[PDB]
Amino acid sequence: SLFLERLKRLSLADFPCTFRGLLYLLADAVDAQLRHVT
Amino acid sequence: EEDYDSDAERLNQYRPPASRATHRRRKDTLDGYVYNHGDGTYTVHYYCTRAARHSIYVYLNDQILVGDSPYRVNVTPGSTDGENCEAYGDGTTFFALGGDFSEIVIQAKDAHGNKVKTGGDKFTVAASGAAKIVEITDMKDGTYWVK
Amino acid sequence: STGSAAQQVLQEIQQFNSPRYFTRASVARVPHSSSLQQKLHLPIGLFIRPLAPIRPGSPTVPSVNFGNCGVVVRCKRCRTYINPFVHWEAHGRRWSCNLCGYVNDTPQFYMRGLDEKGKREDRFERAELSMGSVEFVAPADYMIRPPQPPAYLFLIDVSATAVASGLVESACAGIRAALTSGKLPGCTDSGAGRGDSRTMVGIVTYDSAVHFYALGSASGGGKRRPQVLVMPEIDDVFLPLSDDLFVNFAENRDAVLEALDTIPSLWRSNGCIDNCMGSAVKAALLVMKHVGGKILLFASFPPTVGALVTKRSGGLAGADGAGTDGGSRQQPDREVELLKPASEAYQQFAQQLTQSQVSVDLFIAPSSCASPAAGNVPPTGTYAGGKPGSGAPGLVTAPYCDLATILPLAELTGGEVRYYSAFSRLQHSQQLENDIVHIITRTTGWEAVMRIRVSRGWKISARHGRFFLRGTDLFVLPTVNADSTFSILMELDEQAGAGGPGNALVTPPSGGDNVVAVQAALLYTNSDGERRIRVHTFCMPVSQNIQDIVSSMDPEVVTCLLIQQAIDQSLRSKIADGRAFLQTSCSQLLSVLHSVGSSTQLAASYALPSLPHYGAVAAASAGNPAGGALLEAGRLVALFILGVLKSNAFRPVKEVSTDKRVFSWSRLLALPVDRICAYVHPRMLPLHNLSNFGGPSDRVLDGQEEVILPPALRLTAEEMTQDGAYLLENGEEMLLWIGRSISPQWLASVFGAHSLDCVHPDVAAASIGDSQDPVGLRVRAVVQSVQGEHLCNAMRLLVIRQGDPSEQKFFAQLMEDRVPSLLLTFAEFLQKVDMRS
Amino acid sequence: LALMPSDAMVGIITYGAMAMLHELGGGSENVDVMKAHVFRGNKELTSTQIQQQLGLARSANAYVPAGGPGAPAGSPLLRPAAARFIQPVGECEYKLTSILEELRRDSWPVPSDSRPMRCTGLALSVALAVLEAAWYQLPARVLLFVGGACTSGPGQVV
């Protein structure tokens, strides 16, 4: 439960660049091979 | 409307139409050098001082944008050198009587204009005369607090 | 000799006047002549907090009704309310007012006799003849319309700037938490199971257009889904097709809470940069023309489109730094214009909000997350060239959000200002949601008017606070709250003493009684929907000896009056002129103290006085000589004045931005005395030896018994130790400095980190007490104890390691040290104000 | 709505005392809540003005011509500002359905000695101004379902 408090209070802007970047590339690729984020 | 090109648009306003120029040249647009390897690969060099999130534009035959253009580069101040470092405060002018203190806070600059914000450099503050330096301290944001 | 009479009348002060936490005075006695007060060289005045929180162990304000008669007994001439200091003649058939001296008649339902001392026999039986703070039940003649319910309507900026900074999702979570906290004013807390939260809730979001959220239920009893009605007419505001834009919260519990959950997701993909907040706050006005209430406005930037757009001439908006061509940083005379509103538009709208009994709260949070509007404006014309890169990531300061222009929306309607520089969800979310839950659920009064009277031969020169000035004395408050403090300055009337042989400071014809009284009357409707009259009566005796009136000073109230006067002087001519006035007024006050003090062998002791907690200063005067008390009093004044010189209120321009100084001045003109002295004198506590400062029983850390906080450290760097952690609070923010050589066992107990490099300033505020070790849980006990000791539980904690760029905000708050603003310690500053004296 | 071909375009406006231009477009992230731009039914708004409130007015410097390599599956017949009101029938079929059973009568109070407030003239004005900016010289039919006399604003009879 202490995990859910810490993760809910963390922007993607605060994540250290590459971690946010690979989430953006993976989300766009999953959106590509299913059919605005699904 | 405020600083693209003026003259540069009046040169390529025609730019005979098979190979018309499609980018409108901004206030400080570069020209990347497009050395050709003869193998399909092209290396591009560029030089752009100002502290801003500059945008690389890549064009094919100067007509169609390429890739995920524009790309963002985090251009920023660089290596601290002499000359351009400046001082501000009361230490450039009248000091205190009775030995209270005075401050000659110096702000580190790179080779061309920008404000370096990485602390750690060493500045030789001479104390020639009756003024004798107490402390040079690193503000750790690009300035230095000398007393 | 001639001191026993003074201490009897001083005893009459401490047992009949309004209490300390409601009213606080600069001096307990007053001078008799204008020649005496010019030689005093210290200001005279009161601080008034009519809805102050009552400390446990202290009596609550009693309620007095007048029955079916419906006549509050009042003076005819000055309209001063009945107070325990009137004089009763002809066996109580007549009463002379202690402010204007007229002999009024006693009503027939007020007929009671007198005792042997001239007072009334039922003086303790009726509460308002013995206590200085009373709450009357006002009759129907004081209401112009039926008592309106507690009302709130939230303005949320939903532009692309605000949704990127997380302001839309931080504000919506706070509003939901405050409405469901159970402390909502207007909910009947007198427990009888019935559906009557009379509170009124509306929701308006804004961007380039203005959006209204329909919230009422369907006419057929079904659960209607919430609607979003765009309104793009940002020049002439109207209301869309609904009568459910402003609904009751109890009857619409599910619709309001659901719509708050939908707002962050619905405007999540908004790509609009510009905002029309000026049209949005006008839009809130048309909703509540018939009820009133409070706007909880969350604005990130000034309005660039729509109505009420202010453009500042001269290019002065670039003083904080947005241009690099040599034209705005060489004129310090024009920087004072940056601190005042640049247009007459916002004072006239604040007048319109006042006449509708509507107050506005401001929550101004400019963004720092790389706003794209700073470089994407359409260009044409001429240059190029050369040489990039490598280092220095940003140091992103707060962009100029022009807080000076938008101040009168709260300063003229009794609303509050809450500013967040460089708003991000990791740092300012907890401080924002605790402000929302505190502003909403505190003790609140509505459609308030206040009026401050003084006795004859006295007048009020300067009035400070958040109000509107109607007439000459009538304070107007759209809302009043528990944190509203209004300060007055008093002097002598030289015109009222040249009209006959009555030139002695309100002397009644009963044989002489030299008492000067101030009356604070507040007509307001409480959260339960009834009209109350908040009466505070405070008195000071006329004294002819300067030894009595100087020794009876309150050094904290004297400092707060000098700070508020320095803000006006800086708003009038120059900040540097107000800085000179603060140092000057320190020197004539200290020369008065050395002249009244007969001891000449203590001027060479440049030490610190015995520092008590805030509100425990008039207790250390029982085993000390009067000379020893007054040296420590004026030395404590010089410490607090030197504090505000080094604070953000009077620092040089290059180190504090413009809109930071605006919010510091707006706080210092409306804060209570205990928070102003906390701002000018931060309190410092050590945290690395928490196991040392504890008893042999280790008395369990609960708040039921106080979480033990003995040591208040001095504010100089020589007691700092490199293996230590040190917490500093200044009434606005906490800074937790951690040394490089801190024990790793202590670090794992508090933040759970294995090294100092494993700590960053952003997340380690929430990481305190998480590892559940007893050492770090006691650190969280210290943090929450200083959090809740003040009125509001909203005060951010920015942890600072030794060697980060954010270290200078800690070391600047060390007031005894030497900072980039003033290169003087407290030892040198006493020396400078002693040779000037 | 089912009789029209699945490829045809469609928009919707419901007008009472004020004109509501509904939101059919947008992403799949905000389907559950309806939106409606509101126009004041009793005042004169030109076709130039109406496009300015809705952002449909043609920008003077609106050439970024076909220079997005990576815009995902964007429909090129409609500009993104105009796609929020006009959508294909088969793409906004759920949202155009859900607007319809939500549609109740005019909620503003009608006095018993007065006709209901009706801006039929402004409803055709904002219908035609949107189709000007987005759909110039393209096949459009404005199906006006009116249930009585116009009483407010432009074009009002009694």
# chains A, B, ... in the order shown; residues from 1 in each chain; ligands from 1

$ interface_residues --of "chain D" --to "chain C" --cutoff "6 Å" --atoms "only C-alpha atoms" --output "PyMOL selection string"
chain D and resi 30+35-38+53

$ write_last_selection --atoms "C-alpha atoms" --output "short mmCIF file (atom, residue, chain, number, x, y, z; two decimals), in the first residue's frame"
data_model
loop_
_atom_site.label_atom_id
_atom_site.label_comp_id
_atom_site.auth_asym_id
_atom_site.auth_seq_id
_atom_site.Cartn_x
_atom_site.Cartn_y
_atom_site.Cartn_z
CA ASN D 30 -13.60 11.26 -23.71
CA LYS D 35 -19.95 18.74 -24.91
CA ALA D 36 -21.89 21.60 -26.51
CA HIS D 37 -20.72 25.05 -27.58
CA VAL D 38 -23.41 27.57 -26.64
CA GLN D 53 -15.44 31.56 -31.60
#

$ residues_around --residues "residue 48 of chain B" --least-positions-apart "5" --cutoff "9 Å" --atoms "only C-alpha atoms" --output "VMD selection string"
(chain B and resid 28 to 30 54 75) or (chain C and resid 385 to 389)

$ interface_residues --of "chain D" --to "chain A" --cutoff "8 Å" --atoms "only C-alpha atoms" --output "PyMOL selection string"
chain D and resi 27-29

$ residues_around --residues "residue 12 of chain D" --least-positions-apart "5" --cutoff "10 Å" --atoms "only C-alpha atoms" --output "number ranges by chain"
D: 20-24, 85-86, 96, 99-100, 127, 142-143

$ select_by_dssp --residues "segment 271-400 of chain C" --states "strand (DSSP E)" --output "PDB file with N, CA, C and O atoms, in the first residue's frame"
ATOM      1  N   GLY C 293     -20.814  33.981  -2.316  1.00  0.00           N
ATOM      2  CA  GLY C 293     -19.921  32.891  -1.979  1.00  0.00           C
ATOM      3  C   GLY C 293     -18.454  33.163  -2.244  1.00  0.00           C
ATOM      4  O   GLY C 293     -18.004  34.312  -2.185  1.00  0.00           O
ATOM      5  N   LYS C 294     -17.699  32.107  -2.540  1.00  0.00           N
ATOM      6  CA  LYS C 294     -16.253  32.183  -2.686  1.00  0.00           C
ATOM      7  C   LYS C 294     -15.837  31.514  -3.986  1.00  0.00           C
ATOM      8  O   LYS C 294     -16.228  30.374  -4.246  1.00  0.00           O
ATOM      9  N   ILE C 295     -15.039  32.206  -4.789  1.00  0.00           N
ATOM     10  CA  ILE C 295     -14.329  31.583  -5.901  1.00  0.00           C
ATOM     11  C   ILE C 295     -13.027  31.025  -5.352  1.00  0.00           C
ATOM     12  O   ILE C 295     -12.259  31.746  -4.712  1.00  0.00           O
ATOM     13  N   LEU C 296     -12.774  29.742  -5.577  1.00  0.00           N
ATOM     14  CA  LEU C 296     -11.454  29.170  -5.324  1.00  0.00           C
ATOM     15  C   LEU C 296     -10.738  29.092  -6.666  1.00  0.00           C
ATOM     16  O   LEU C 296     -10.752  28.057  -7.333  1.00  0.00           O
ATOM     17  N   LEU C 297     -10.112  30.195  -7.060  1.00  0.00           N
ATOM     18  CA  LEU C 297      -9.510  30.336  -8.377  1.00  0.00           C
ATOM     19  C   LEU C 297      -8.124  29.712  -8.387  1.00  0.00           C
ATOM     20  O   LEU C 297      -7.306  29.993  -7.509  1.00  0.00           O
ATOM     21  N   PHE C 298      -7.867  28.867  -9.381  1.00  0.00           N
ATOM     22  CA  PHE C 298      -6.547  28.293  -9.620  1.00  0.00           C
ATOM     23  C   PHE C 298      -6.089  28.790 -10.981  1.00  0.00           C
ATOM     24  O   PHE C 298      -6.566  28.308 -12.013  1.00  0.00           O
ATOM     25  N   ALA C 299      -5.173  29.747 -10.989  1.00  0.00           N
ATOM     26  CA  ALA C 299      -4.708  30.357 -12.223  1.00  0.00           C
ATOM     27  C   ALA C 299      -3.213  30.140 -12.368  1.00  0.00           C
ATOM     28  O   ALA C 299      -2.461  30.287 -11.403  1.00  0.00           O
ATOM     29  N   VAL C 358     -19.317  38.777  -2.629  1.00  0.00           N
ATOM     30  CA  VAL C 358     -18.587  37.693  -3.274  1.00  0.00           C
ATOM     31  C   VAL C 358     -17.094  37.930  -3.092  1.00  0.00           C
ATOM     32  O   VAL C 358     -16.587  39.002  -3.445  1.00  0.00           O
ATOM     33  N   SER C 359     -16.392  36.940  -2.546  1.00  0.00           N
ATOM     34  CA  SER C 359     -14.951  37.001  -2.354  1.00  0.00           C
ATOM     35  C   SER C 359     -14.239  36.038  -3.296  1.00  0.00           C
ATOM     36  O   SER C 359     -14.807  35.041  -3.746  1.00  0.00           O
ATOM     37  N   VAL C 360     -12.980  36.350  -3.597  1.00  0.00           N
ATOM     38  CA  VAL C 360     -12.166  35.537  -4.494  1.00  0.00           C
ATOM     39  C   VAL C 360     -10.892  35.122  -3.772  1.00  0.00           C
ATOM     40  O   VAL C 360     -10.187  35.965  -3.209  1.00  0.00           O
ATOM     41  N   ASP C 361     -10.605  33.826  -3.793  1.00  0.00           N
ATOM     42  CA  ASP C 361      -9.334  33.265  -3.362  1.00  0.00           C
ATOM     43  C   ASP C 361      -8.462  33.070  -4.593  1.00  0.00           C
ATOM     44  O   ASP C 361      -8.968  32.719  -5.663  1.00  0.00           O
ATOM     45  N   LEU C 362      -7.166  33.300  -4.446  1.00  0.00           N
ATOM     46  CA  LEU C 362      -6.217  33.088  -5.527  1.00  0.00           C
ATOM     47  C   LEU C 362      -5.258  31.968  -5.156  1.00  0.00           C
ATOM     48  O   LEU C 362      -4.744  31.928  -4.033  1.00  0.00           O
ATOM     49  N   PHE C 363      -5.030  31.060  -6.097  1.00  0.00           N
ATOM     50  CA  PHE C 363      -4.039  29.997  -5.982  1.00  0.00           C
ATOM     51  C   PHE C 363      -3.220  30.082  -7.261  1.00  0.00           C
ATOM     52  O   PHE C 363      -3.499  29.380  -8.236  1.00  0.00           O
ATOM     53  N   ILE C 364      -2.212  30.940  -7.259  1.00  0.00           N
ATOM     54  CA  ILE C 364      -1.464  31.262  -8.465  1.00  0.00           C
ATOM     55  C   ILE C 364      -0.251  30.348  -8.523  1.00  0.00           C
ATOM     56  O   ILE C 364       0.647  30.434  -7.680  1.00  0.00           O
TER      57      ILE C 364
END

$ residues_around --residues "residue 606 of chain C" --least-positions-apart "6" --cutoff "9 Å" --atoms "only C-alpha atoms" --output "PyMOL selection string"
chain C and resi 826-828+830-831

$ select_by_dssp --residues "segment 464-676 of chain C" --states "helix (DSSP H, G or I)" --output "ChimeraX atom specification"
/C:546-551,555-572,575-596,626-646,658-668,673-676

$ interface_residues --of "chain C" --to "chain B" --cutoff "8 Å" --atoms "only C-alpha atoms" --output "NGL selection string"
:C and (378-395 or 803-805 or 808 or 820 or 823-824 or 828)

$ write_last_selection --atoms "N, CA, C and O atoms" --output "mmCIF file, in the first residue's frame"
data_model
loop_
_atom_site.group_PDB
_atom_site.id
_atom_site.type_symbol
_atom_site.label_atom_id
_atom_site.label_comp_id
_atom_site.auth_asym_id
_atom_site.auth_seq_id
_atom_site.Cartn_x
_atom_site.Cartn_y
_atom_site.Cartn_z
ATOM 1 N N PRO C 378 4.923 33.742 -34.375
ATOM 2 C CA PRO C 378 5.269 33.841 -35.829
ATOM 3 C C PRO C 378 6.240 34.966 -36.156
ATOM 4 O O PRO C 378 6.023 36.127 -35.780
ATOM 5 N N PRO C 379 7.384 34.622 -36.793
ATOM 6 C CA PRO C 379 8.461 35.588 -37.095
ATOM 7 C C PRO C 379 8.648 36.074 -38.553
ATOM 8 O O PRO C 379 8.206 35.358 -39.453
ATOM 9 N N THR C 380 9.296 37.244 -38.801
ATOM 10 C CA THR C 380 9.816 37.697 -40.121
ATOM 11 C C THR C 380 11.000 38.660 -39.944
ATOM 12 O O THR C 380 10.819 39.747 -39.386
ATOM 13 N N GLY C 381 12.206 38.281 -40.435
ATOM 14 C CA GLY C 381 13.404 39.138 -40.545
ATOM 15 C C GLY C 381 14.796 38.910 -39.914
ATOM 16 O O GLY C 381 14.983 39.144 -38.720
ATOM 17 N N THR C 382 15.804 38.530 -40.734
ATOM 18 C CA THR C 382 17.246 38.871 -40.636
ATOM 19 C C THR C 382 18.138 38.493 -39.437
ATOM 20 O O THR C 382 18.127 39.254 -38.466
ATOM 21 N N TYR C 383 18.720 37.263 -39.389
ATOM 22 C CA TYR C 383 20.117 36.929 -38.965
ATOM 23 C C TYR C 383 20.500 35.442 -39.110
ATOM 24 O O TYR C 383 19.702 34.665 -39.649
ATOM 25 N N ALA C 384 21.691 35.037 -38.611
ATOM 26 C CA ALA C 384 22.138 33.633 -38.476
ATOM 27 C C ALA C 384 23.464 33.519 -37.703
ATOM 28 O O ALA C 384 24.220 34.488 -37.601
ATOM 29 N N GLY C 385 23.733 32.305 -37.156
ATOM 30 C CA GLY C 385 25.100 31.801 -36.934
ATOM 31 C C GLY C 385 25.704 31.288 -35.614
ATOM 32 O O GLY C 385 25.730 32.019 -34.620
ATOM 33 N N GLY C 386 26.192 30.023 -35.600
ATOM 34 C CA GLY C 386 27.337 29.538 -34.804
ATOM 35 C C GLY C 386 27.254 29.029 -33.360
ATOM 36 O O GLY C 386 26.525 29.640 -32.593
ATOM 37 N N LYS C 387 28.009 27.893 -33.003
ATOM 38 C CA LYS C 387 28.674 27.259 -31.816
ATOM 39 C C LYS C 387 28.045 26.747 -30.490
ATOM 40 O O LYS C 387 28.220 27.402 -29.457
ATOM 41 N N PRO C 388 27.482 25.522 -30.433
ATOM 42 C CA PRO C 388 26.581 25.074 -29.343
ATOM 43 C C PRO C 388 27.136 24.346 -28.111
ATOM 44 O O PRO C 388 28.231 23.797 -28.127
ATOM 45 N N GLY C 389 26.338 24.309 -27.018
ATOM 46 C CA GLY C 389 26.101 23.092 -26.228
ATOM 47 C C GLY C 389 26.842 22.913 -24.898
ATOM 48 O O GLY C 389 27.586 23.775 -24.428
ATOM 49 N N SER C 390 26.590 21.729 -24.300
ATOM 50 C CA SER C 390 27.350 21.028 -23.234
ATOM 51 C C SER C 390 27.322 21.693 -21.847
ATOM 52 O O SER C 390 28.300 22.264 -21.363
ATOM 53 N N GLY C 391 26.183 21.549 -21.173
ATOM 54 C CA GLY C 391 26.204 21.615 -19.724
ATOM 55 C C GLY C 391 24.882 22.064 -19.138
ATOM 56 O O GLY C 391 23.822 21.864 -19.727
ATOM 57 N N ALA C 392 24.964 22.562 -17.890
ATOM 58 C CA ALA C 392 24.081 23.531 -17.237
ATOM 59 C C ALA C 392 22.588 23.326 -17.475
ATOM 60 O O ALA C 392 21.992 24.055 -18.277
ATOM 61 N N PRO C 393 21.953 22.347 -16.824
ATOM 62 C CA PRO C 393 20.551 22.038 -17.144
ATOM 63 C C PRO C 393 19.532 23.005 -16.551
ATOM 64 O O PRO C 393 18.940 22.728 -15.503
ATOM 65 N N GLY C 394 19.323 24.140 -17.213
ATOM 66 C CA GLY C 394 18.170 24.982 -16.957
ATOM 67 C C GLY C 394 18.275 26.021 -15.859
ATOM 68 O O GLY C 394 18.428 27.211 -16.151
ATOM 69 N N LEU C 395 18.207 25.574 -14.601
ATOM 70 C CA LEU C 395 17.892 26.419 -13.444
ATOM 71 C C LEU C 395 16.621 27.228 -13.720
ATOM 72 O O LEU C 395 16.618 28.458 -13.788
ATOM 73 N N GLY C 803 25.815 20.648 -0.742
ATOM 74 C CA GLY C 803 26.403 20.528 -2.055
ATOM 75 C C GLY C 803 25.428 20.583 -3.207
ATOM 76 O O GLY C 803 25.857 20.466 -4.361
ATOM 77 N N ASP C 804 24.146 20.731 -2.941
ATOM 78 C CA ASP C 804 23.241 20.943 -4.059
ATOM 79 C C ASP C 804 23.048 22.435 -4.335
ATOM 80 O O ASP C 804 23.354 23.268 -3.477
ATOM 81 N N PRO C 805 22.584 22.818 -5.532
ATOM 82 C CA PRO C 805 22.327 24.246 -5.792
ATOM 83 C C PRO C 805 21.270 24.867 -4.892
ATOM 84 O O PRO C 805 21.246 26.095 -4.756
ATOM 85 N N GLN C 808 21.488 27.368 -0.880
ATOM 86 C CA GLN C 808 21.547 28.779 -0.523
ATOM 87 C C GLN C 808 20.236 29.284 0.057
ATOM 88 O O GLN C 808 20.227 30.312 0.739
ATOM 89 N N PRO C 820 23.963 37.085 1.169
ATOM 90 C CA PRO C 820 24.185 37.996 0.030
ATOM 91 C C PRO C 820 23.384 39.295 0.056
ATOM 92 O O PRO C 820 23.710 40.202 -0.715
ATOM 93 N N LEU C 823 25.604 41.977 4.524
ATOM 94 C CA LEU C 823 26.815 41.330 5.027
ATOM 95 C C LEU C 823 27.090 41.720 6.475
ATOM 96 O O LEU C 823 28.183 42.161 6.826
ATOM 97 N N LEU C 824 26.087 41.555 7.332
ATOM 98 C CA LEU C 824 26.182 41.944 8.729
ATOM 99 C C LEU C 824 25.607 40.851 9.611
ATOM 100 O O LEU C 824 24.560 40.277 9.299
ATOM 101 N N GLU C 828 27.235 43.019 14.609
ATOM 102 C CA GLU C 828 27.566 44.242 13.889
ATOM 103 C C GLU C 828 26.347 45.136 13.721
ATOM 104 O O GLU C 828 26.474 46.365 13.680
#

$ residues_around --residues "residue 171 of chain C" --least-positions-apart "3" --cutoff "9 Å" --atoms "only C-alpha atoms" --output "list in words"
residues 156, 166, 167, 168, 174, 175, 176, 298, 429, 432, 433 and 436 of chain C

$ interface_residues --of "chain A" --to "chain C" --cutoff "9 Å" --atoms "only C-alpha atoms" --output "JSON, numbers by chain"
{"A": [2, 6, 9, 10, 11, 13, 14]}
